[PDB]
Amino acid sequence: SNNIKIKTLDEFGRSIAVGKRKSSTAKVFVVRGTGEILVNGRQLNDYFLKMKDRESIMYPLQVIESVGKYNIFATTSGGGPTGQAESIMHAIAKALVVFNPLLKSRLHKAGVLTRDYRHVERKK
Amino acid sequence: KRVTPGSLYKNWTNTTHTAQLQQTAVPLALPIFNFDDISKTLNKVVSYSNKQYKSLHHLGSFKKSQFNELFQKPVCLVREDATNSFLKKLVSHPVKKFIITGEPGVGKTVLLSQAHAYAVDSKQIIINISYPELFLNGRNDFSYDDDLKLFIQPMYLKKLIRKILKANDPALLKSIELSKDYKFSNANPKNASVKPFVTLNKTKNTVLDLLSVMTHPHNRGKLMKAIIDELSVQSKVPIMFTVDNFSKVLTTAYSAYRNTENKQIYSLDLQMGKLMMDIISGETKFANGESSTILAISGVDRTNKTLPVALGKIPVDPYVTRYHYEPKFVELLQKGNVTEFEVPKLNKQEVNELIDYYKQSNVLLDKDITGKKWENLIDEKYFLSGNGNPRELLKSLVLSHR
Amino acid sequence: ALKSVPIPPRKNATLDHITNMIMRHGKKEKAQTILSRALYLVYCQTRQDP
Amino acid sequence: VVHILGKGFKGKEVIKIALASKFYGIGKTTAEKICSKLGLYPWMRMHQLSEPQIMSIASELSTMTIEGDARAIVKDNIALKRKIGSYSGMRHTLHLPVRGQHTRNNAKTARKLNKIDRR
RNA sequence: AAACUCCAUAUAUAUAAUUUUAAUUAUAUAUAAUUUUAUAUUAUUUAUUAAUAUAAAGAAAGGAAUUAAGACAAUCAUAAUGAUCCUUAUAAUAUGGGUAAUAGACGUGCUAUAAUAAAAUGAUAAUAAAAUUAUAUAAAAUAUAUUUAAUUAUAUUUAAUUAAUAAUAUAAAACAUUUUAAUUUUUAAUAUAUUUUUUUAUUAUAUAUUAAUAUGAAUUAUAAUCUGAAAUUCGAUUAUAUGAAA
Ligand SMILES: Nc1ncnc2c1ncn2[C@@H]1O[C@H](COP(=O)(O)OP(=O)(O)OP(=O)(O)O)[C@@H](O)[C@H]1O
Ligand SMILES: [K+]
Ligand SMILES: [K+]
Ligand SMILES: [K+]
Ligand SMILES: [K+]
Ligand SMILES: [K+]
Ligand SMILES: [K+]
Ligand SMILES: [K+]
Ligand SMILES: [K+]
Ligand SMILES: [Mg+2]
Ligand SMILES: [Mg+2]
Ligand SMILES: [Mg+2]
Ligand SMILES: [Mg+2]
Ligand SMILES: [Mg+2]
Ligand SMILES: [Mg+2]
Ligand SMILES: [Mg+2]
Ligand SMILES: [Mg+2]
């Protein structure tokens with residue numbers, strides 16, 4: 001038989017997904033809201049100083065035009081700012097599919113559902 | 001020379017501040033700031049009055065790195081949760097001693113400028129210390145006064161006294177007749193060699209005359225003590241004493257100045273430090289009951305346990321090194337009953353108002369106006385700014401070309 | 001509603017190219033700051049889209 | 001131009017930096033103490049000094065071991081090494097490194113400055 | 001050879017009484033791709049086709065090792081076997097010295113020659129990974145350099161941990177503020193301002209100068225410290241002073 005069980009919102013209406021980039025990992029909690037984001041309990045502008053990192057996090061929500069329709073509680077560890085910001089980007093895209101599985105094709109086409117494989121390679 | 005009369009030779013931050021780049025901005029007609037009619041301007045972008053702009057420029061209310069050059073004159077959003085809330089406490093609270101806090105770029109300086117605008121309208125005398133670092137960095141002269149037992153800074157005091165004279169209404173200053181007779185050494189280059197001293201008799205001369213006394217650098221500390229004493233004894237005019245970037249004072253206990261033993265001089269051994277902390281602690285009491293003391297921190301300064309402990313946000317830890325905890329400043333702040341007012345972040349509706357003003361000022365890029373729905377822009381800019389940070393909002397709109 | 005909306009562009013191709021040519025040693029943030037500050041000064045003298 | 005003990009200084013030069021730059025034997029720490037002793041504020045410049053203050057600097061500078069006196073101490077310590085016949089003294093005489101540096105390569109500066117009458 | 005296989009990546013199950021906590025993890029087992037399908041275009045050996053683009057599904061994008069021969073190189077101070085030579089010495093031990101010498105030449109690195117770049121400061125402490133600790137890793141504190149303190153170095157003392165537990169160890173750049181010679185593009189004295197951390201005006205603010213500064217840190221003097229039984233030839237670190245070439 002198959003090893004896939006339909007993903008569903010939890011008891012509190014939250015979609016939980018994990019993402020990875022380089023050595024960084026991110027576990028995000030997406031719920032229906034008004035666009036509030038928290039990174040490790042801190043404001044987005046505090047945790048991520050680079051605006052390009054902030055724009056990376058917002059991209060999946062911008063593809064489905066739902067930037068003001070969800071509250072995101074992102075927890076990230078490992079690597080640096082770029083790895084964490086893009087690991088959060090990847091995790092938000094994977095968590096948004098539960099709210100509307102019809103938008104997976106648009107998320108895949110935008111490139112946010114693909115795990116970036118590149119990592120530091122020991123010179124050979 | 002390589003530099004011509006109009007060449008832009010400074011760095012970017014100073015060029016934007018000093019290059020007069022607002023001249024090309026489009027004149028917009030906005031309502032005027034008036035706290036007595038806040039109901040008509042609440043949650044709307046307003047310009048200041050002509051009388052307020054003149055006073056606030058002489059006080060140093062407007063600072064660099066505030067994107068003021070984008071608009072003809074500096075503008076402010078009259079907020080309900082920040083501007084209206086703070087000004088109502090200032091008019092009602094009996095103590096009237098506040099310290100404005102909040103995250104870097106939240107709008108603490110703008111709130112202080114709106115409190116200065118209120119004071120100008122409400123016939124008050126404003127004494128502002130915009131950049132306390134100027135008297136703590138050791139880049140101006142200092143001298144020891146034996147009669148005051150303090151280190152006076154003549155160069156700084158000359159600038160400060162002129163700001164108090166040029167920023168405040170002469171009529172208010174003239175109303176305060178002097179309570180004591182004062183004698184100073186004459187430094188006026190016209191009659192200095194004829195009149196050894198200039199006398200200010202009581203009940204005849206006013207505090208306006210005292211602020212125009214040209215004295216020698218060694219007697220300028222005694223002129224600053226007279227001005228403060230005269231303003232603290234009179235009960236006619238309220239005195240609003242303000243200090244921006246007060247975090248610098250709390251975290252720099254020892255100035256860069258060194259005494260004759262090569263020992264750094266404690267900040268409270270300077271007249272500016274002693275005077276500032278005397279007004280905050282309550283040692284210098286003002287007769288008028290509408291006098292206030294509004295302090296504001298800045299995110300450009302380092303943080304430590306001094307301010308949090310003084311505000312009651314954390315317990316006192318006795319084993320914290322003095323470089324991260326100054327118990328004397330905590331005692332002074334708690335003696336003055338200074339209360340905290342945290343500037344809240346902007347809500348999405350306030351972001352909408354600011355972005356609607358920016359569209360009318362023609363400061364928005366073509367990628368945010370053409371092919372983008374207005375609701376999408378507001379949601380995106382509310383997300384990219386950290387959910388309300390005014391400075392991150394402006395940067396996302398005018399300083400993000402990616 | 002989304003079927004007829006083009007997927008928004010991740011980045012501006014021209015600005016990204018200019019930024020990388022300015023950049024050295026992987027210091028993209030400095031390169032982005034220089035370009036943004038320069039384009040900010042162009043707007044403040046021309047009052048057109050930089 | 002401000003002249004202190006013969007040395008000439010440009011007006012804009014910071015006093016604490018200028019003193020440690022033109023006077024042999026005075027470094028950053030020593031220059032700061034001289035300025036602190038004379039009541040000069042940390043970032044005061046030469047053009048600001050008055051003639052009474054210029055004389056005060058010369059007085060304090062004349063009560064220290066600087067210029068010839070300081071240079072003589074180094075020349076006499078080097079001469080003592082040669083007089084006792086120590087290995088280090090010979091290196092100074094031969095214009096070779098005196099602190100264990102290899103000589104198969106490099107050693108150009110030692111061949112240029114190492115001498116009994118060291119500047 | 002390839003397939004296969006392992007690693008990485010995605011997913012599933014199991015294990016952890018979620019205080020050895022990183023469950024956003026650890027490591028055993030299994031699955032997955034050497035991707036798949038429709039459509040249009042251009043070629044073709046034109047068919048059940050390749051190159052293309054378009055649409056759809058997908059996390060899927062990277063590596064590793066691998067045969068036997070043939071021709072040739074190295075003393076291997078990285079193992080042998082024989083022959084050959086020394087046997088009071090070509091074997092063995094100790095003390096000291098040398099391998100660190102210095103005309104020229106060459107290879108490979110390090111630090112520099114300043115403003116798309118260097119220096120300070122950033123304590124409810126921005127953000128890593130992979131390793132190490134019984135022939136140990138050394139916390140916090142105190143003392144001295146040394147100044148309120150911090151920072152840096154050493155001493156005193158030796159907490160915890162022989163370890164998913166405690167320690168080496170608050171990563172750094174980033175980012176923000178301040179400063180920065182050449183540069184009169186500065187600073188100061190007055191006056192001035194609706195640029196006030198700032199503008200403007202008038203005065204002084206040196207000349208020298210194709211040039212080496214507040215760049216650079218070689219060389220050298222003196223004092224102290226660390227390891228060791230021992231730092232002279234010939235080690236490392238710190239302070240004050242020196243400040244070469246470029
Ligand atoms: N009410 C407001 N209306 C318009 N602009 C505002 C308002 N509040 C803040 N801003 C803008 O936000 C930016 C930051 O404002 P401000 O300098 O007052 O912040 P701050 O918190 O005092 O900053 P810092 O922490 O650096 O001292 C400026 O561009 C300012 O113009
Ligand atoms: K010197
Ligand atoms: K040698
Ligand atoms: K060589
Ligand atoms: K856990
Ligand atoms: K040896
Ligand atoms: K440099
Ligand atoms: K670390
Ligand atoms: K030695
Ligand atoms: Mg501020
Ligand atoms: Mg050798
Ligand atoms: Mg941290
Ligand atoms: Mg310790
Ligand atoms: Mg840190
Ligand atoms: Mg740094
Ligand atoms: Mg040269
Ligand atoms: Mg240097």
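Virtual Cβ from ideal backbone geometry, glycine too; neighbours counted across all protein chains shown. Every read-out reported here was derived from the displayed coordinates using simple, explicitly stated rules and does not represent laboratory data.
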Does B:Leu223 count as in contact with a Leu (Cβ under 7 Å, 6 or more places away or on another chain) and either away from ligand 2 (no atom under 16 Å from the Cβ) or within 14 Å of chain D (Cβ to nearest Cβ) (or both)?
no
Name the residue that is surrounded by the fewest Cβ atoms within 10 Å (Cβ to Cβ), counting only residues in segment A:82-112 that are assigned to a loop (DSSP other than H, G, I, E, B) and within 12 Å of the chain's Cα centre (by Cα).
A:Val97
D:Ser86: passes all of (1) away from ligand 2 (no atom under 16 Å from the Cβ); (2) among the small types (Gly, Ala, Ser); (3) touching a helix residue (DSSP H, G or I) at 6+ places or on another chain (Cβ under 8 Å) but (3)
What pairs come out if I take residues in segment A:105-119 that are over 14 Å from A:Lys20 (Cα atoms) and within 8 Å of RNA strand E (Cβ to nearest atom) and pair them with residues that are of a type outside the set (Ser, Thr, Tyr) and not in a helix (DSSP H, G or I) whose C-beta lies under 8 Å away, six or more apart or interchain?
A:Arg106/A:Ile64; A:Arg106/C:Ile7; A:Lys109/C:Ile7; A:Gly111/C:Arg10
Given the options B:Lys63, B:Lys96, B:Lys89, name the one that is surrounded by 17 or more Cβ atoms within 10 Å (Cβ to Cβ), away from RNA strand E (no atom under 16 Å from the Cβ) and of a type in the set (D, E, K, R).
B:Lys96
Does segment B:12-28 contain any residue that is more than 13 Å from ligand 1 (Cβ to nearest atom), loosely packed, with under 15 Cβ neighbours inside 10 Å, under 20 Å from the mean Cα position of the chain (by Cα) and within 14 Å of chain C (Cβ to nearest Cβ)?
yes
Name the residue, out of D:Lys112, D:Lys37, D:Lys22, that is within 14 Å of another protein chain (Cβ to nearest Cβ) and either away from ligand 10 (no atom under 16 Å from the Cβ) or of a type outside the set (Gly, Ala, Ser) (or both).
D:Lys37
Quick check on this structure: which one of D:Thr93, D:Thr103 is in a helix (DSSP H, G or I) and away from ligand 10 (no atom under 16 Å from the Cβ)?
D:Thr93
Only one of A:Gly80, A:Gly68, A:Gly35 is on the phi > 0 side of the Ramachandran plot and either within 13 Å of chain B (Cβ to nearest Cβ) or away from ligand 1 (no atom under 16 Å from the Cβ) (or both). Can you tell me which?
A:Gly35
Collect the residues in segment B:231-269 that are among the hydrophobic types (A, V, I, L, M, F, W, C), more than 20 Å from D:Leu40 (Cα to Cα) and either within 14 Å of chain D (Cβ to nearest Cβ) or within 16 Å of ligand 10 (Cβ to nearest atom) (or both), keeping them in residue-number order.
B:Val243, B:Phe246, B:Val249, B:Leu250
Just name the residue that is nearest to B:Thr339 (Cα to Cα) out of those in segment B:89-142 that are aliphatic (A, V, I, L, M) and in a loop (DSSP other than H, G, I, E, B).
B:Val95
Sort through C:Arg24, C:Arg37 and tell me the only one that's away from ligand 3 (no atom under 16 Å from the Cβ) and surrounded by fewer than 11 Cβ atoms within 10 Å (Cβ to Cβ).
C:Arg24
Kindly indicate whether B:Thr4 is touching a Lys or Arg at 6+ places or on another chain (Cβ under 6 Å) and β-branched (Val, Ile, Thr).
no
Failed condition for B:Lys40, given (1) within 15 Å of ligand 1 (Cβ to nearest atom); (2) over 18 Å from B:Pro390 (Cβ atoms); (3) in contact with a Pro (Cβ under 8 Å, 6 or more places away or on another chain), with all others met?
(1)
Considering only segment B:123-158, how many residues are closer than 16 Å to B:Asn245 by Cβ and more than 14 Å from chain D (Cβ to nearest Cβ)?
6
Looking at segment A:19-48, I want the residues that are closer than 21 Å to B:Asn376 by Cβ and in contact (Cβ under 8 Å) with a residue 24 or more places away in the chain and have a partner that is among the polar types (S, T, N, Q) and in a strand (DSSP E or B) with Cβ atoms under 7 Å, at least 6 apart or on another chain. Which pairs are those?
A:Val30/A:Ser15; A:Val31/A:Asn71; A:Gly33/A:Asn71; A:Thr34/A:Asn71; A:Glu36/A:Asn71
Scanning for something basic (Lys, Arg), over 18 Å from the mean Cα position of the chain (by Cα) and more than 16 Å from ligand 3 (Cβ to nearest atom), does segment D:11-21 turn up at least one residue?
yes
Regarding B:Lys345, is this residue of a type in the set (D, E, K, R), under 26 Å from B:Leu87 (Cβ atoms) and within 12 Å of chain A (Cβ to nearest Cβ)?
yes
Test of understanding: among B:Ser255, B:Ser235, which residue is of a type in the set (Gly, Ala, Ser) and crowded, with 21+ Cβ neighbours inside 10 Å?
B:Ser255
Among the residues that make up segment B:34-42, is at least one of them under 23 Å from B:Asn347 (Cα atoms), assigned to a helix (DSSP H, G or I) and in contact (Cβ under 8 Å) with a residue 24 or more places away in the chain?
yes
Only one of B:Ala82, B:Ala117 that is within 16 Å of RNA strand E (Cβ to nearest atom), out of contact with any strand residue (DSSP E or B) (no Cβ under 6 Å at 6 or more places or on another chain) and more than 14 Å from every other protein chain (Cβ to nearest Cβ)
B:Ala117
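The rows are residues; the columns are (1) in contact (Cβ under 8 Å) with a residue 40 or more places away in the chain; (2) within 16 Å of ligand 3 (Cβ to nearest atom); (3) away from chain A (no Cβ under 14 Å); (4) under 29 Å from B:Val45 (Cβ atoms).
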site	(1), (2), (3), (4)
B:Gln271	yes, no, yes, no
B:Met276	yes, no, yes, no
B:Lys335	yes, no, yes, no
B:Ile369	no, no, yes, yes
B:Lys381	no, no, no, yes
Looking at segment B:57-64, is at least one residue within 30 Å of B:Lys335 (Cα to Cα), in contact with a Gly (Cβ under 6 Å, 6 or more places away or on another chain) and away from chain C (no Cβ under 14 Å)?
no
In this structure, is B:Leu384 under 28 Å from C:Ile7 (Cα atoms) and surrounded by fewer than 20 Cβ atoms within 10 Å (Cβ to Cβ)?
no
Restricting to chain C, give me the number of residues that are over 30 Å from B:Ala19 (Cα atoms), more than 9 Å from chain B (Cβ to nearest Cβ), in a loop (DSSP other than H, G, I, E, B) and of a type in the set (D, E, K, R).
1
The condition of being more than 16 Å from ligand 10 (Cβ to nearest atom) and in contact (Cβ under 8 Å) with a residue 24 or more places away in the chain holds, among B:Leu397, B:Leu307, B:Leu295, B:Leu393, only for B:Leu397
